[PDB]
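First up is the structure itself, then whatever we jot down about it.
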Amino acid sequence: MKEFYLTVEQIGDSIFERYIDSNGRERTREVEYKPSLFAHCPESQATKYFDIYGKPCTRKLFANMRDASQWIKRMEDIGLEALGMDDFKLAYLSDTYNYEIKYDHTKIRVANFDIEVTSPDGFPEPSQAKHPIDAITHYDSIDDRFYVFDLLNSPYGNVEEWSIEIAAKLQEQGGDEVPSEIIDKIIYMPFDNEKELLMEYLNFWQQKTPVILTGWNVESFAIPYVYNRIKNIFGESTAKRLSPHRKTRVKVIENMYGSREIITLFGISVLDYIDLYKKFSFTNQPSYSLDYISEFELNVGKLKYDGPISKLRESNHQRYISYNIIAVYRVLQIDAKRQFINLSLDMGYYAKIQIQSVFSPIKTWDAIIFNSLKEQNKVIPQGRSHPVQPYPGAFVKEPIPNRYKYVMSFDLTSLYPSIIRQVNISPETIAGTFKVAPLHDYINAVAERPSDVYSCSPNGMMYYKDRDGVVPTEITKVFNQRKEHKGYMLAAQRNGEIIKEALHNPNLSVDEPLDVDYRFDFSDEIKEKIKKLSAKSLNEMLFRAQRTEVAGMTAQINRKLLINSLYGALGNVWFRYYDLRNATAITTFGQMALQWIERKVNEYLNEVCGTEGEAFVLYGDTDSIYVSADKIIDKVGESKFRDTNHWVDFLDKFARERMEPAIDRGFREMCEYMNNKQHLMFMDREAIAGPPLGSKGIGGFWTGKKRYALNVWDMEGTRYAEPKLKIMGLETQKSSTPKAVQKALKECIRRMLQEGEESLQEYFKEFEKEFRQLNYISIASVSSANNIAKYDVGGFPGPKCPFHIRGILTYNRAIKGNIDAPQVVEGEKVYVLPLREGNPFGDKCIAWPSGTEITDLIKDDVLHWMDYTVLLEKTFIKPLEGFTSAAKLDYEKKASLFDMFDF
DNA sequence: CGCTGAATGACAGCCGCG
DNA sequence: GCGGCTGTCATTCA
């Protein structure tokens, strides 16, 4: 097989690497790597190395990586550029694997673990590990086994061995329902004392050292704990064995609210699944706890249990161990869905970087470009520092708050990457500048054409149209690879049909399947040989056909991630190819683009409607615009459509047959006006929305920028079974809005867009007569807890003290001197709730622990005093009032018209 | 931790007012 | 009392 690398590190003047060799064996090797950097030399010195600006360059092969850095610092002092790949690990990688890295994941040891640590004095600080580690479940992908390390005796208790038979039984039988899928894959090892367990674990860790290390919060908790527990008991020398190179570094990460520390295990790739989730799930969750995430993804969480975990080991050591096993398994299941691990490996090996680096857009791209410029003997610029200066971004239209009956939205494909290609924006293609007229002037096409020689951007930048830019070349490559791989998937779909005769005409001649590449559909070669094939081969063959169906996805979707991250890197100063002007070039071009087309779409709809000045585009945001299709539906007359679907098709047709063409003509002119290297401004009809035909619904409405709701029937050409509610910004998308309320608001909107004013009015009134009766906990809100220890004066409200941080305290006070009642904390979220006046509790409100009910020591009265009125008002009404005033609807009869005037 | 602007709205305070 | 700002704090579209 073709060998590859697992991990790489630089320790002193040597490169330590773990890797898979020609025969599948894992190997570790040290290398006295010789880095090569470059300096600008005299043109009269014929060579083969040039930078992205064509200037000739001389290679400087150093003795060791230190001289290399010594030179870089020396150069910086003199004031002359030091070109080349300074991250010697990256260079080492390009150099050792200059080719298409094909890895065999079944050889990559990916470990998933979780530990349990009984503590009665609160959350166990990892940087101290004051308490014993009483459990460790460490799943290993090579052995496909769960290794359980159970501590039978500790200062907190002595317990019996965990029973696997009991773990398998059902809940009603006193079991733990440990799934049958893994019941046979568990390897239980009980221990008499912690030291015996830790040492056996550490030994286990050498026999099977992880390459990829994951789990939930494993990098902020598990790893740091285990490391410090072991260090505090056996000394740092034994602790550093967790690293295959016996090297570890404490890394102190610090944010805008403080700091914590994680432990770097040289020779290991830590892809903590929580982080692997927060960055590839694309969706905000009100809680990122494994229980919350596991439920949201598999309709089931972590084992249930009675009492506080703090006492779960003692009172029920059986559940305790099972719990720890299910927690490790949940992660594995959540990854059986997301493939974020495979995604990572794939992305990392494509760019030839350290797997954990995929969390870094900058690093991934830096690496992909460096390998490209390397193949063509070019030398990358030298990273330089730049002030952190903000630049303008996307144009957002100030929508006129109102209901909007019929709406059609068009979007622009990969806006920014597209813009970079069309204008040819790169640092080495900057040709010059030009006097800049007000932006609107270019929007209205009444400004002296920038230049007839170079590709332009509304901010005054000009680019060469002959040269193919470094940045744009690279995106165009990824852009093609995508169509390429997602091209193989369109084929594996044609072979999944031809090879879809499991019982159609399965001949009875036992034969062997074929080696035809499903990437490329069949012709006659093997296409002919699909009949005489038995009913058995047909199935073993489609097993090899579908398998590729996903193969493309991994790469194609992985390319989509790349494409979409390029902008961020380009706008970040720590990027080798960053350029303030180029970033602004991009952003401003887009501002122009989106508004140029708004002018065009308006002008075009005004002619086809014989209207004058009418404003058809009602809202635009970055890469999309929404048009009011009212004036259109009216030419044809609303009373002439057989039903909802009739007018949807009418709009769908007018879109594809009339607007798109007018749109492309529009962008094609813009491309000429800016004298761009290539027209790439492509818009697509997106959604079509409106109320159900023959109903009193309003269809849609905007509250303001980033805040609207539509009733969509067809999206990008996919006619829904039932209309879909598309809501942006409104509180029903507010991860911080109660659930009972987040529901109504949703219902309220639906009744507004599809049923009408009387419907909304009948709901609202009921939701009031029955708000009390609603579960008392189905009301509280949500929010992050930052600087909690800033607005506390002896645990009291200080200056600018937020509304929750105050309740928090009238809770600490109502139960002061007690750790038997739910314990609060920071970085979390709490149930907030207003209390009437004259309440013996503390303030106007009172917050408390999330995911829990109020301790029966304050529960009884809290409810007795809670403010329902104030609660309904600020969480339900205020926002509805907001929706209905915009949509010009009343949620309550006898309301007065004048109330809408600002006099 | 990790990549960028553009914009909501909930609360806290100030100011200004016969 | 209460608009009319202003600046924090949180979250979300692009």
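All Cβ positions, even for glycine, are placed from backbone atoms using ideal geometry, and neighbour counts span all protein chains on display. Rule-based calculations on the coordinates, nothing more; no lab input.
Brief remarks follow.
- For the stretch A:107-339, the fraction of alpha-carbon pairs in successive 5 Å shells from zero, as %: 1, 6, 14, 19, 21, 18, 13, 6, 2, 0
- Sorted peptide list for A:320-328, A:503-511, A:565-573, criterion being average Cβ within 10 angstrom, highest first: A:320-328, A:565-573, A:503-511
- Put a plus charge on the Cβ of each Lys and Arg, a minus charge on the Cβ of each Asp and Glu, and nothing anywhere else: the dipole of the stretch A:782-865 about its Cα centre is then about 360 debye.
- Rounded to the nearest 500, the 222 nm mean residue ellipticity of chain A from helices alone is -11000 deg cm²/dmol, with -39,500 (n - 2.57) taken per DSSP H run of at least 4 residues.
- Net +/- balance of residues flanking A:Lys536 in space, Cβ distance below 13 Å, scoring K and R +1, D and E -1: -3
- Spatially proximal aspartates and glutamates relative to A:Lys240 (Cα-Cα < 19 Å; intrachain offsets below 8 disregarded): A:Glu9, A:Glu17, A:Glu30, A:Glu194, A:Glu196, A:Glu200, A:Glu219, A:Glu261
- The residue among A:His504, A:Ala535, A:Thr554 whose Cα reaches farthest toward the positive pole of the charge dipole of the stretch A:469-572, with charges on the beta-carbon of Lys, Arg, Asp and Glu, is A:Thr554.
- Expected-Rg normalisation [2.2 N^0.38 Å, Cα atoms] applied to the stretch A:637-720: 1.38
- Loop-located trypsin sites (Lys or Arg not before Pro) in the stretch A:32-111 (DSSP state not H, G, I, E or B) with no more than 16 neighbouring Cβ atoms inside 10 Å: A:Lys48, A:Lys102.
- Per-pair calculated FRET efficiency, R0 = 56 Å: A:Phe903 and A:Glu540 via Cβ, rounded to 0.05: 0.10
- Taking N as its residue count, the alpha carbon Rg of the stretch A:258-333 over 2.2 N^0.38 Å: 1.33
- Integer Hz, Karplus 6.51/-1.76/1.60 couplings in order for the stretch A:847-855, x for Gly and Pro: 9, 5, x, 7, x, 9, 9, 5, 3
- Charge dipole of the stretch A:319-455 about the Cα centre (unit charges at C-beta), most positive-ward option of A:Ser451, A:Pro427, A:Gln356: A:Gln356
- Within the straight-line cut-off of under 12 Å between alpha carbons, the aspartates and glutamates reachable from A:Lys55 are A:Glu43, A:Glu428, sequence neighbours fewer than 8 places apart in one chain being disregarded.
- For the peptides A:826-834, A:8-16, A:791-799, A:363-371, the ranking by mean Cβ contacts within 10 Å, running from highest to lowest, is A:363-371, A:826-834, A:8-16, A:791-799.
- Judged by the mean number of other Cβ atoms found within 10 Å, the most tightly packed of the peptides A:667-677, A:529-539, A:339-349 leads the ranking A:339-349, A:667-677, A:529-539.
- Placing unit charges on the Cβ atoms of the charged side chains and taking the dipole of chain A about its Cα centre, the candidate lying farthest along the positive direction among A:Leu809, A:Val110, A:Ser372 is A:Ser372.
- In the structure shown, the pairs A:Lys816/A:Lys844; A:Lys769/A:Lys874; A:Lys696/A:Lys893; A:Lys734/A:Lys769; A:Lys231/A:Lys302; A:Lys89/A:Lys247 are assessed against 23 Å; a Cα-Cα span above that value is assigned to A:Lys734/A:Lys769; A:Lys231/A:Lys302.
- The length gained by stretching the chain between A:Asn23 and A:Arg66 to full extension, at 0.36 nm per residue less their Cα-Cα distance, is 12.1 nm.
- Two-site FRET efficiency, A:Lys477 against A:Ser695, from Cβ-Cβ distance with R₀ of 60 Å, rounded to 0.05: 0.75
- Violating pairs (Cα-Cα greater than 19 angstrom) within the set A:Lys185/A:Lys208; A:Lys48/A:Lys378; A:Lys486/A:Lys536; A:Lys739/A:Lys878; A:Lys500/A:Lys527; A:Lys397/A:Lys878: A:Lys486/A:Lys536; A:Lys397/A:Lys878
- nm² value of the averaged projected area, convex hull over the Cα atoms of chain A: 48.4 nm²
- Net charge of Cβ neighbours under 12 Å - reference A:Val117; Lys, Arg +1; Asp, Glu -1: -3
- Estimated at 0.36 nm per residue, the fully extended path between A:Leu857 and A:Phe282 surpasses their Cα-Cα distance by 203.0 nm.
- Volume of the convex hull of the stretch A:469-572 (Cα atoms only), normalised per residue: 93 Å³.
- Distance from the Cα centroid of the stretch A:836-887 to that of the stretch A:778-812 is 15 Å (rounded to whole angstrom).
- Cα-only Debye scattering, the stretch A:553-606: base-10 log of I(q)/I(0) at q = 0.26, 0.27, 0.32 Å⁻¹: -0.93, -0.95, -1.09
- Given charges at beta-carbon only (K, R positive; D, E negative), |dipole| of the stretch A:469-572 in Debye: 400 debye
- Annotation note: GluC sites (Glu not before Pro) in the stretch A:287-387 located in DSSP loop regions with a Cβ neighbour count of at most 15 within 10 Å are absent.
- Pairs of Cα atoms farther than 17 Å apart, the stretch A:782-865, %: 42 percent
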